[PDB]
Amino acid sequence: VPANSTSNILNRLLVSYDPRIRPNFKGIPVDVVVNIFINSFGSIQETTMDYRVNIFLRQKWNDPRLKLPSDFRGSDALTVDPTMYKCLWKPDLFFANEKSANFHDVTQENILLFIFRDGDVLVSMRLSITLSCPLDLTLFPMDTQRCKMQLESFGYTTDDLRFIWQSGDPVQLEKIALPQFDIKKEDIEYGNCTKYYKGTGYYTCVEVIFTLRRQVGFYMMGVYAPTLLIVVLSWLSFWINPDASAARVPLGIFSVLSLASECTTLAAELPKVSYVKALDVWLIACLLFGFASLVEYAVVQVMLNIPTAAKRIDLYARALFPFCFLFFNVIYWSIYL
Amino acid sequence: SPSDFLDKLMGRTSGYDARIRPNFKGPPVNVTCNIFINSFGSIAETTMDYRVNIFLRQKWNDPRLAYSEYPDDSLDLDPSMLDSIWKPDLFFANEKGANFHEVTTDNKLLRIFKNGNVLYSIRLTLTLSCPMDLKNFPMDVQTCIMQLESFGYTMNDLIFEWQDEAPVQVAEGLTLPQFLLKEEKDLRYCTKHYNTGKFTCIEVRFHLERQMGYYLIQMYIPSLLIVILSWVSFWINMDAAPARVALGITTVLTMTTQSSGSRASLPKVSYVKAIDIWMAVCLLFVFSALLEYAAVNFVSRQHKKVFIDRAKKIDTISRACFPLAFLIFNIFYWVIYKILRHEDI
Amino acid sequence: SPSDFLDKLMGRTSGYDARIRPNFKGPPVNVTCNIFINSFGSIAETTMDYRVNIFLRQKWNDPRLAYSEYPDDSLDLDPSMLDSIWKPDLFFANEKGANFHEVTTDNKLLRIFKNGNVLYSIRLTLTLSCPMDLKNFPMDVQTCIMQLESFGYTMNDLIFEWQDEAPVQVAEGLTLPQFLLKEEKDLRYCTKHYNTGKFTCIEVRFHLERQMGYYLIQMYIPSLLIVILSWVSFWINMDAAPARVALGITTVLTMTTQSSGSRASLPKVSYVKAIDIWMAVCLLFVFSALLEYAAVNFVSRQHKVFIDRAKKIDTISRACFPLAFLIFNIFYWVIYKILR
Amino acid sequence: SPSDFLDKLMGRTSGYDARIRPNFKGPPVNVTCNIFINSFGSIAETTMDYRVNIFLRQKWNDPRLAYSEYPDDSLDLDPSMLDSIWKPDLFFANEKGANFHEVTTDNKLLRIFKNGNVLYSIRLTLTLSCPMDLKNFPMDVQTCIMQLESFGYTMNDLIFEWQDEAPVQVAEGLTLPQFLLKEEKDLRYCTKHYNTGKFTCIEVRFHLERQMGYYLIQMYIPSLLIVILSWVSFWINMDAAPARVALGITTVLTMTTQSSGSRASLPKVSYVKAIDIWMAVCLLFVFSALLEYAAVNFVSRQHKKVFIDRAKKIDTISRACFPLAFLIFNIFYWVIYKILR
Amino acid sequence: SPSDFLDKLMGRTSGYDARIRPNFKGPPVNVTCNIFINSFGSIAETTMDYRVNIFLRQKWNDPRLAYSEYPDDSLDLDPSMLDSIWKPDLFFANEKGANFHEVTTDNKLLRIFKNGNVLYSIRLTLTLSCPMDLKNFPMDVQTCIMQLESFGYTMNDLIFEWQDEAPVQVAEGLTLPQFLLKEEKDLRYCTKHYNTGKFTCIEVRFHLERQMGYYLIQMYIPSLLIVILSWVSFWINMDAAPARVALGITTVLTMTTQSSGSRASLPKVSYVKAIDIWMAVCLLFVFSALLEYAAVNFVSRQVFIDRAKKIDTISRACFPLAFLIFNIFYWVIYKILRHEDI
Ligand SMILES: *[C@@H]1O[C@H](CO)[C@@H](O)[C@H](O)[C@H]1NC(C)=O
Ligand SMILES: *[C@@H]1O[C@H](CO)[C@@H](O)[C@H](O)[C@H]1NC(C)=O
Ligand SMILES: *[C@@H]1O[C@H](CO)[C@@H](O)[C@H](O)[C@H]1NC(C)=O
Ligand SMILES: *[C@@H]1O[C@H](CO)[C@@H](O)[C@H](O)[C@H]1NC(C)=O
Ligand SMILES: *[C@@H]1O[C@H](CO)[C@@H](O)[C@H](O)[C@H]1NC(C)=O
């Protein structure tokens, strides 16, 4: 008997097999084992709150009707044609947290079907989903996002379908490297939600929770150092000779202008959120300290029109403002641990 | 066998046509449709549109699909032969490109009840368009709509109706990126009269209120800092003229740059906006401070005795008067745009 | 029976071919088409394109589809059977990408009248392209068009005509972000002569007038404030030379930055624009104020009547500059208001 | 009977197979093709591509489809039967995504002549790719090409020749955003030799001349005004040292920001562009003015003996030499990049 | 009669089931594939990928298609009959969305030889993703890879092998926007071991070299000019304190704006790039110049004039030397020693 004949007599659009009826009908709900395989990552657009993935989703479901007829010539586990797989019944799979999902077809449909005498059916596709997660940017420079993926059933309820993660390492990844974040395989903790819709019935939903922590190196080297340098310029503005008094204003006005420009640029390269961000806190504190330096110069100038008092005030300010800023800096780096 | 039941119910041998509406040449077929919002956001005023991920469901009845053989009163079904059954027409009026989702399977759920009722839930991804008004940009209230209406049938054949309880559900924990979705939702009728006749319609309104905190902290604080810096310059005596004029020029530069950025980060609307008028007031205050400083400089060289005393007096009077004028203008602006003429209805 | 009636009308047993135009080898068929504007916007001068959401409808007659059995004078069909009958060819000549709409079903409505007339309404989303003219950018009038013409038939087989009443309806409350749609619409004929022969065509014009309020409040006010600040600098006495000169150069720099920003926010064109010349003249006036103060400072250090002459020149220039600015402003505004 | 004639000529009962090339096992079938440029624009040097909306037409002959029954020598068909007959393979070698158009119907026209000649006009929207050189950016000349060639047949099966008269027409009143499309066009042969064998090819060149009005009014005038401001700084008295300092530093700042913006507005090119050298020379002149002012300060402060006279002399020499140097540089640069390239 | 020939070879009456791989229940079928690069460029650093227009050709043999009816040994086909024959599964692992080309016809070519060899060339358009190493951004040497592997079969059924003589060609006159494609290209194996089994793999490695010229004229020259301007500020006399402080302020302003705008077209990389180091050192040198100017002011405001002059001249003669030695050290180390020349 030809192998194609065995494949047809097992199932075909001509042979008496109905893909529409679920396996184990009017009986125990189908148990489906689902495991995922990450192949890439990236494209984490913080302005739109979505990250793009490329997975190798594999799902094993067992059908009594889709079982080997014995003596076909099984020997090694059988491989089923994808067109045959399209003929073969598939349990519905959908993921609630995706902005969009796109299948990957690099010159062929990415679908592999495996048939075994156990009648268990292994099916694997290749997806390019673009999931969505709500980013939390309260402590934005040192935050920790919890972008998650959840798989749900749509066509069938809990009374007919059920999903269970793979016992041995259900989620794998081939050491994917990310530009900004750093996904760690140590914490890939997962559960299930089995959410219920008020109006249609129950649905089983399994979930996967990642852990992406933003790296501060880029920020600490690009946005923190210039602010500190502007602060030290503001400090240097104090000690200049106050006889002319026409040179201290430029330092303060340049400081405030540069800080405003940096704040605008960072706001441009950042999503808009209502709550205050630590970067905004640092920028507004730097601007406020520069403004305090300028108003200190103004107070000294108005007090100059007495010289001993003005000199003492200037010296006290130049001695205390660096220490006050050191206290503020250590407190800030402590609270935003 | 369930396969034989499916073949006998709506199959080829059933003598049923999917191209014919139920109750043909008779009473119109009623539809009770409800939606379930799954996500929101991406409200872009530049393109005047927003995105939704609804879980649209439709309900109706037809005696032809009624059955009395199978014991269960509700059986699931697949989209493949759902393509071969009647589906009421439904298209969204104000949409600019919508599509289904086909990931590992079809996202259409079909259910048939024993009494003949049919449940049709299908997952959709839409990009609706709502006009935006910018009469008060930082403190506006937007009302974006979602109009559902038939296209292939009139009121004589097809009608629509909102569900009684929980018509528009929202997924728990949904949070808009900038705005916030208010609990109250408006439901009414939008029956349109085209040139071809009368079409049934269904309308649902979403109340969105913008959150001022971000825009406040990012735009209003710098203007206040700049004007207080202008007052700090105001306190400078007449001896350091170059420093005072440099501070005034720098303040005007910062004000102009901030105004340009704020007005460029927004759609180009014809009329004026609250942020625009606020920044214009701040720019005018900076300009007036610089102008009065120039006048003080000019009057200082007008001894060609009491001219110096008069210049000092006018400088002190202006320094004492300008902050009060700024305070009263600020409080008047805030109170009017918060209570008097905006934040209404 | 409805199904039997449909089979008898355009079914296999009806003996009707959808690949042959009505009245074959005879007089050309007449098609009357009207559109219904449903939305607008996204008029971006960067790509010289705009987007519409029309509800194009087509009306024509064919004797092969006549019926007299059903008492009703107008029945309805479905897109699945609509694709099985003849459909008049129609494509938009001036477009850069259009698509259909499918939401829970196809968005095509087909209606058949008892007398034989056929109504065909289809929803489309277009992306039309019009050559934007920027001779006077903030005060221009843009005439974007929409050409409808056949592709598979010549004048000998297919012709296109507008509808006498309400040829182009507009949805009530249609608002544009920048422009405004004039009620008046111009309709004409655009019969083209390609290499393959003579093709029918239909053209409709939309008149869009740009509203100057946004550009005014964004750019015209700051430039005027900068030049008035330059005059304020001119009013300063001679002693504070570094202060006045530095503020003048700063005004020059901010004028240049504003001009660069305005150019960046505007698509590139070869010729000059009203905003371009306005900002150029503002920059020229600021530069002239700087240059005249430099000349005054130079003549002040010419090595006791020099100071008197310098003061006289400064007063004369400070008196003349407002007059020149005012006459230029009134001339510019009146010419760009009434002349073009 | 129209339907019967269609069935008998190109229908199922006609006996003609669309998968068999005309004149099989014989000389290659000649194909004459002509296009009609419907639009242009969207030329983005950043992605190195430009968009066209061509109106490609193809003409060839085949005795298999010849008919002698209908008195009319030309009839018209529909795409639903156009796809059922043989068509010559034709793709574009240099393109990065092209598609057909579908608005209420397909956009393909099929006309069959009595003698057997077949006309085939199909509307297309392409995204061609042409390498661009920016050695002299504001006055460059760009020659973007369009290569038409077969993919499934060799020289022995399919050949392409341009139409003799009016092979490439242009829509009346075509308007390009920046460039201008010259009426003169180049046509030639591009017969390639791939690894699989020998394939036919067809080329057409478009000559584009970039207009510098926008670039002029945006960048050249402000730089000239800034250098005139520096020359103004030259005439300020030595006592007003902060004045000259401020003028020099502000000129430096505006030159830097204008150069940065101009270079960012252009694509990433490894070699040197004309605008780059213009900005570099302007910034160098500003820097040299500031340096000479600093030298004047140093020589004036060196006294603390005829040092005032020497400083005034060197200041006058600079104020009389730098304008001449700028003028000669400007005229030399403009002449070189106007005629020499 | 080509139609009858096709019907006898792969037609309905041929009994040739396309679902059955050649040499079923036997040794795995060998496939030799070669590519023909037609375009390149559009390397987006932000999106971490690039684009190609390869002309992937596949060669294999199957006895089920052996023929001797026609005297000719090599005939031609069309995609319509291609859909009715077996096609070896192939896909690209490191890809993020590819598609065929549909311009006036399909872009797939079929050729069957008398001995049974079949050639299958299909035009593709890929968007492959390769991680970028930005340890030395203006001096980096990128290595982007193109991996070909099977998905529907294992090593027991389908294998792959690069073509021997000139497998990867490049169209003459190819011009990359920024980089330069090295002529020498690496080829090796990448056989993976997935959970389902052992899958064959094929990898070709490119080599890209970035050009300093663009980034050079963008960043490096203004930095040197502003450093010399800072030295000019240094050489100004002491009593002109506002002039010197204003020059320092404007130099630090333009330096920080240049540093901010340097990374405008770069991803938010975690580690530190060479351009970042250069900007930081230039900013630090300008800052130190301003600081020593302030120190001179303090000394002059407290023999004091002699000490102020001596420290001013010593630092003015020493700072350019420090800048020169730093510049030569940095250039030599990042051109030879640390991260360059492999
Ligand atoms: C899914 O969640 C339900 C909650 O009732 C629980 O009973 C069940 O064990 C969960 N399944 C898995 C695989 O975690
Ligand atoms: C459908 O429901 C409506 C109310 O929505 C009711 O008035 C009507 O009787 C129902 N039946 C029909 C056939 O319209
Ligand atoms: C259609 O009407 C036009 C005038 O609008 C007429 O010239 C033409 O002959 C008509 N067509 C037929 C088939 O009668
Ligand atoms: C087609 O034209 C070519 C020259 O272009 C000529 O050699 C050939 O004979 C012509 N006809 C055929 C049927 O090959
Ligand atoms: C195919 O080639 C491989 C080596 O590449 C060889 O092992 C094998 O025997 C060849 N042929 C068949 C029919 O397996």
# chains A, B, ... in the order shown; residues from 1 in each chain; ligands from 1
$ residues_near_ligand --ligand "ligand 2" --cutoff "8 Å" --atoms "only C-alpha atoms and all ligand atoms" --output "list in words"
residues 23, 27, 28, 29, 30, 31, 32, 159, 160 and 161 of chain B
$ write_last_selection --atoms "C-alpha atoms" --output "PDB file, in the first residue's frame"
ATOM      1  CA  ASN B  23     -38.425  36.088   6.467  1.00  0.00           C
ATOM      2  CA  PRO B  27     -41.307  41.262   8.592  1.00  0.00           C
ATOM      3  CA  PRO B  28     -37.770  42.643   8.926  1.00  0.00           C
ATOM      4  CA  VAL B  29     -35.161  40.638  10.819  1.00  0.00           C
ATOM      5  CA  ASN B  30     -34.061  42.117  14.145  1.00  0.00           C
ATOM      6  CA  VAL B  31     -30.461  42.174  15.373  1.00  0.00           C
ATOM      7  CA  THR B  32     -29.258  42.595  18.968  1.00  0.00           C
ATOM      8  CA  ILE B 159     -33.022  46.593  11.714  1.00  0.00           C
ATOM      9  CA  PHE B 160     -30.550  46.960  14.574  1.00  0.00           C
ATOM     10  CA  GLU B 161     -30.947  47.256  18.338  1.00  0.00           C
TER      11      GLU B 161
END
$ interface_residues --of "chain D" --to "chain C" --cutoff "6 Å" --atoms "only C-alpha atoms" --output "PyMOL selection string"
chain D and resi 103+109+213-214+242-243+246
$ residues_around --residues "range 8-12 of chain D" --least-positions-apart "2" --cutoff "10 Å" --atoms "only C-alpha atoms" --output "list in words"
residues 2, 3, 4, 5, 6, 14, 15, 16, 17, 18, 64, 65, 66, 67, 81, 82, 84 and 85 of chain D
$ write_last_selection --atoms "N, CA, C and O atoms" --output "mmCIF file, in the first residue's frame"
data_model
loop_
_atom_site.group_PDB
_atom_site.id
_atom_site.type_symbol
_atom_site.label_atom_id
_atom_site.label_comp_id
_atom_site.auth_asym_id
_atom_site.auth_seq_id
_atom_site.Cartn_x
_atom_site.Cartn_y
_atom_site.Cartn_z
ATOM 1 N N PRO D 2 -21.397 35.971 -29.977
ATOM 2 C CA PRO D 2 -20.157 36.387 -29.306
ATOM 3 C C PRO D 2 -19.620 35.346 -28.335
ATOM 4 O O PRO D 2 -18.422 35.050 -28.342
ATOM 5 N N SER D 3 -20.493 34.793 -27.489
ATOM 6 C CA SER D 3 -20.050 33.802 -26.513
ATOM 7 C C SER D 3 -19.525 32.546 -27.197
ATOM 8 O O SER D 3 -18.500 31.987 -26.786
ATOM 9 N N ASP D 4 -20.215 32.086 -28.243
ATOM 10 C CA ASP D 4 -19.749 30.916 -28.979
ATOM 11 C C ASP D 4 -18.410 31.186 -29.650
ATOM 12 O O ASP D 4 -17.534 30.314 -29.678
ATOM 13 N N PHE D 5 -18.234 32.388 -30.204
ATOM 14 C CA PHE D 5 -16.958 32.736 -30.821
ATOM 15 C C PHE D 5 -15.836 32.774 -29.790
ATOM 16 O O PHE D 5 -14.720 32.317 -30.059
ATOM 17 N N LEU D 6 -16.115 33.320 -28.603
ATOM 18 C CA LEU D 6 -15.117 33.328 -27.538
ATOM 19 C C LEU D 6 -14.755 31.910 -27.113
ATOM 20 O O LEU D 6 -13.579 31.605 -26.880
ATOM 21 N N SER D 14 -11.728 25.486 -27.514
ATOM 22 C CA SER D 14 -10.876 25.986 -28.588
ATOM 23 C C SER D 14 -9.709 25.050 -28.870
ATOM 24 O O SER D 14 -9.200 25.015 -29.996
ATOM 25 N N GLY D 15 -9.270 24.287 -27.870
ATOM 26 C CA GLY D 15 -8.117 23.427 -28.018
ATOM 27 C C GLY D 15 -6.781 24.117 -27.862
ATOM 28 O O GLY D 15 -5.743 23.464 -28.029
ATOM 29 N N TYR D 16 -6.772 25.409 -27.546
ATOM 30 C CA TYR D 16 -5.542 26.167 -27.369
ATOM 31 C C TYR D 16 -5.121 26.137 -25.906
ATOM 32 O O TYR D 16 -5.944 26.356 -25.012
ATOM 33 N N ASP D 17 -3.842 25.863 -25.668
ATOM 34 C CA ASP D 17 -3.283 25.789 -24.324
ATOM 35 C C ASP D 17 -2.458 27.039 -24.056
ATOM 36 O O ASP D 17 -1.588 27.399 -24.857
ATOM 37 N N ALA D 18 -2.732 27.697 -22.928
ATOM 38 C CA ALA D 18 -2.032 28.926 -22.577
ATOM 39 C C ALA D 18 -0.632 28.675 -22.033
ATOM 40 O O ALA D 18 0.163 29.617 -21.954
ATOM 41 N N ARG D 64 -1.864 30.972 -33.500
ATOM 42 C CA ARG D 64 -2.825 30.130 -32.793
ATOM 43 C C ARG D 64 -4.107 30.883 -32.462
ATOM 44 O O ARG D 64 -5.196 30.300 -32.520
ATOM 45 N N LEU D 65 -4.004 32.165 -32.119
ATOM 46 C CA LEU D 65 -5.157 32.970 -31.740
ATOM 47 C C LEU D 65 -5.769 33.727 -32.911
ATOM 48 O O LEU D 65 -6.709 34.501 -32.705
ATOM 49 N N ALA D 66 -5.261 33.532 -34.125
ATOM 50 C CA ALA D 66 -5.806 34.221 -35.285
ATOM 51 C C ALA D 66 -7.210 33.717 -35.604
ATOM 52 O O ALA D 66 -7.526 32.537 -35.434
ATOM 53 N N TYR D 67 -8.056 34.633 -36.071
ATOM 54 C CA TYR D 67 -9.430 34.308 -36.425
ATOM 55 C C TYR D 67 -9.778 34.975 -37.748
ATOM 56 O O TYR D 67 -9.165 35.968 -38.147
ATOM 57 N N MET D 81 -10.848 36.429 -18.966
ATOM 58 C CA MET D 81 -10.344 35.593 -20.046
ATOM 59 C C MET D 81 -8.927 35.957 -20.463
ATOM 60 O O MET D 81 -8.267 35.151 -21.126
ATOM 61 N N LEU D 82 -8.452 37.151 -20.094
ATOM 62 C CA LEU D 82 -7.063 37.511 -20.356
ATOM 63 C C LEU D 82 -6.110 36.594 -19.604
ATOM 64 O O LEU D 82 -5.077 36.181 -20.142
ATOM 65 N N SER D 84 -6.534 33.604 -19.007
ATOM 66 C CA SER D 84 -6.652 32.256 -19.547
ATOM 67 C C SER D 84 -5.858 32.053 -20.831
ATOM 68 O O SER D 84 -5.885 30.950 -21.386
ATOM 69 N N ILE D 85 -5.163 33.079 -21.319
ATOM 70 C CA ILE D 85 -4.351 32.965 -22.522
ATOM 71 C C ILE D 85 -2.893 33.214 -22.156
ATOM 72 O O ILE D 85 -2.573 33.742 -21.089
#
$ select_by_dssp --residues "range 31-71 of chain D" --states "strand (DSSP E or B)" --output "count of residues only"
17
$ residues_near_ligand --ligand "ligand 3" --cutoff "6 Å" --atoms "only C-alpha atoms and all ligand atoms" --output "list in words"
residues 27, 28, 29 and 30 of chain C
$ write_last_selection --atoms "C-alpha atoms" --output "JSON list (two decimals), in the first residue's frame"
[["chain", "number", "residue", "atom", "x", "y", "z"],
["C", 27, "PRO", "CA", -24.61, 51.85, -29.83],
["C", 28, "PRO", "CA", -22.42, 52.54, -26.78],
["C", 29, "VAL", "CA", -24.04, 52.06, -23.39],
["C", 30, "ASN", "CA", -24.68, 55.01, -21.08]]
$ residues_around --residues "residue 32 in chain E" --least-positions-apart "3" --cutoff "6 Å" --atoms "only C-alpha atoms" --output "list in words"
residues 59, 161, 162 and 163 of chain E
$ write_last_selection --atoms "C-alpha atoms" --output "PDB file, in the first residue's frame"
ATOM      1  CA  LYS E  59      18.946  22.249  -7.648  1.00  0.00           C
ATOM      2  CA  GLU E 161      24.888  21.776   0.499  1.00  0.00           C
ATOM      3  CA  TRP E 162      26.397  24.957  -0.908  1.00  0.00           C
ATOM      4  CA  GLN E 163      27.231  25.041  -4.600  1.00  0.00           C
TER       5      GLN E 163
END
$ residues_around --residues "range 274-277 of chain E" --least-positions-apart "4" --cutoff "9 Å" --atoms "only C-alpha atoms" --output "PDB file with C-alpha atoms, in the first residue's frame"
ATOM      1  CA  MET A 221      26.276  58.376  29.848  1.00  0.00           C
ATOM      2  CA  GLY A 222      24.174  60.732  27.722  1.00  0.00           C
TER       3      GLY A 222
ATOM      4  CA  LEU E 134      28.708  49.051  18.357  1.00  0.00           C
ATOM      5  CA  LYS E 135      31.771  48.836  20.604  1.00  0.00           C
ATOM      6  CA  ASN E 136      33.518  51.262  18.213  1.00  0.00           C
ATOM      7  CA  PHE E 137      30.681  52.818  16.213  1.00  0.00           C
ATOM      8  CA  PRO E 138      32.666  55.011  13.751  1.00  0.00           C
ATOM      9  CA  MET E 139      35.215  52.195  13.239  1.00  0.00           C
ATOM     10  CA  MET E 219      31.605  65.389  14.087  1.00  0.00           C
ATOM     11  CA  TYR E 220      35.402  65.321  14.310  1.00  0.00           C
ATOM     12  CA  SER E 259      27.241  65.533  21.632  1.00  0.00           C
ATOM     13  CA  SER E 262      25.751  62.837  17.461  1.00  0.00           C
ATOM     14  CA  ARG E 263      23.596  59.867  18.525  1.00  0.00           C
ATOM     15  CA  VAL E 281      36.715  64.063  26.392  1.00  0.00           C
ATOM     16  CA  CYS E 282      36.176  67.185  24.274  1.00  0.00           C
ATOM     17  CA  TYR E 334      41.060  52.474  18.063  1.00  0.00           C
TER      18      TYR E 334
END
$ residues_near_ligand --ligand "ligand 5" --cutoff "8 Å" --atoms "only C-alpha atoms and all ligand atoms" --output "number ranges by chain"
E: 23, 26-31, 61, 159-161
$ residues_near_ligand --ligand "ligand 4" --cutoff "6 Å" --atoms "only C-alpha atoms and all ligand atoms" --output "ChimeraX atom specification"
/D:27-30
$ residues_around --residues "residue 15 in chain B" --least-positions-apart "4" --cutoff "12 Å" --atoms "only C-alpha atoms" --output "list in words"
residues 7, 8, 9, 10, 11, 20, 64, 65 and 85 of chain B; 3 and 4 of chain C
$ residues_near_ligand --ligand "ligand 1" --cutoff "9 Å" --atoms "only C-alpha atoms and all ligand atoms" --output "list in words"
residues 162, 163, 164, 165, 190, 191, 192, 193, 194, 195, 204, 205 and 206 of chain A
$ atom_distance --atom1 "CA of residue 56 in chain E" --atom2 "CA of residue 123 in chain D"
28.1 Å
$ select_by_dssp --residues "range 13-246 of chain E" --states "helix (DSSP H, G or I)" --output "PDB file with C-alpha atoms, in the first residue's frame"
ATOM      1  CA  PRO E  63      13.891   9.777 -10.623  1.00  0.00           C
ATOM      2  CA  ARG E  64      10.097  10.182 -10.791  1.00  0.00           C
ATOM      3  CA  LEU E  65      10.557  12.990 -13.351  1.00  0.00           C
ATOM      4  CA  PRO E  79       4.371  28.165 -12.156  1.00  0.00           C
ATOM      5  CA  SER E  80       0.928  26.674 -12.868  1.00  0.00           C
ATOM      6  CA  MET E  81       2.546  23.286 -13.495  1.00  0.00           C
ATOM      7  CA  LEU E  82       5.086  24.018 -10.741  1.00  0.00           C
ATOM      8  CA  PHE E 137      30.681  52.818  16.213  1.00  0.00           C
ATOM      9  CA  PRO E 138      32.666  55.011  13.751  1.00  0.00           C
ATOM     10  CA  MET E 139      35.215  52.195  13.239  1.00  0.00           C
ATOM     11  CA  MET E 212      34.592  57.404   8.646  1.00  0.00           C
ATOM     12  CA  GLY E 213      34.347  60.170   6.019  1.00  0.00           C
ATOM     13  CA  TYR E 214      30.691  61.028   6.580  1.00  0.00           C
ATOM     14  CA  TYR E 215      30.855  60.828  10.380  1.00  0.00           C
ATOM     15  CA  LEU E 216      34.334  62.376  10.224  1.00  0.00           C
ATOM     16  CA  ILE E 217      33.179  65.562   8.491  1.00  0.00           C
ATOM     17  CA  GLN E 218      30.018  65.549  10.627  1.00  0.00           C
ATOM     18  CA  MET E 219      31.605  65.389  14.087  1.00  0.00           C
ATOM     19  CA  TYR E 220      35.402  65.321  14.310  1.00  0.00           C
ATOM     20  CA  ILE E 221      36.329  68.557  12.511  1.00  0.00           C
ATOM     21  CA  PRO E 222      33.913  70.781  14.517  1.00  0.00           C
ATOM     22  CA  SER E 223      35.272  69.265  17.739  1.00  0.00           C
ATOM     23  CA  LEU E 224      38.855  70.170  16.823  1.00  0.00           C
ATOM     24  CA  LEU E 225      37.788  73.647  15.704  1.00  0.00           C
ATOM     25  CA  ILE E 226      35.912  74.305  18.953  1.00  0.00           C
ATOM     26  CA  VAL E 227      38.910  73.035  20.941  1.00  0.00           C
ATOM     27  CA  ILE E 228      41.138  75.526  19.125  1.00  0.00           C
ATOM     28  CA  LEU E 229      38.478  78.168  19.830  1.00  0.00           C
ATOM     29  CA  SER E 230      38.728  77.258  23.520  1.00  0.00           C
ATOM     30  CA  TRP E 231      42.484  77.804  23.277  1.00  0.00           C
ATOM     31  CA  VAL E 232      41.706  81.167  21.655  1.00  0.00           C
ATOM     32  CA  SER E 233      39.539  81.948  24.687  1.00  0.00           C
ATOM     33  CA  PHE E 234      42.517  80.974  26.843  1.00  0.00           C
ATOM     34  CA  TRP E 235      44.854  83.402  25.075  1.00  0.00           C
ATOM     35  CA  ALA E 241      36.630  88.349  32.056  1.00  0.00           C
ATOM     36  CA  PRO E 242      33.120  88.635  30.497  1.00  0.00           C
ATOM     37  CA  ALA E 243      34.545  87.978  27.025  1.00  0.00           C
ATOM     38  CA  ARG E 244      36.430  84.858  28.127  1.00  0.00           C
ATOM     39  CA  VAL E 245      33.511  83.494  30.150  1.00  0.00           C
ATOM     40  CA  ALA E 246      31.128  84.105  27.236  1.00  0.00           C
TER      41      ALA E 246
END
$ atom_distance --atom1 "CA of residue 283 in chain D" --atom2 "CA of residue 254 in chain A"
22.3 Å
$ atom_distance --atom1 "CA of residue 293 in chain A" --atom2 "CA of residue 321 in chain A"
8.8 Å
$ residues_around --residues "residue 54 in chain E" --least-positions-apart "6" --cutoff "9 Å" --atoms "only C-alpha atoms" --output "list in words"
residues 35, 36, 37, 38, 39, 122, 123, 124, 125 and 126 of chain E
$ interface_residues --of "chain B" --to "chain D" --cutoff "12 Å" --atoms "only C-alpha atoms" --output "PDB file with N, CA and C atoms, in the first residue's frame"
ATOM      1  N   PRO B 242      24.342  95.548  30.073  1.00  0.00           N
ATOM      2  CA  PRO B 242      24.494  94.384  29.182  1.00  0.00           C
ATOM      3  C   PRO B 242      23.961  93.091  29.771  1.00  0.00           C
ATOM      4  N   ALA B 243      24.159  92.859  31.069  1.00  0.00           N
ATOM      5  CA  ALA B 243      23.647  91.640  31.687  1.00  0.00           C
ATOM      6  C   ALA B 243      22.124  91.608  31.655  1.00  0.00           C
ATOM      7  N   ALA B 246      20.919  91.052  28.099  1.00  0.00           N
ATOM      8  CA  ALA B 246      21.190  89.677  27.704  1.00  0.00           C
ATOM      9  C   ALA B 246      20.185  88.721  28.329  1.00  0.00           C
TER      10      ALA B 246
END
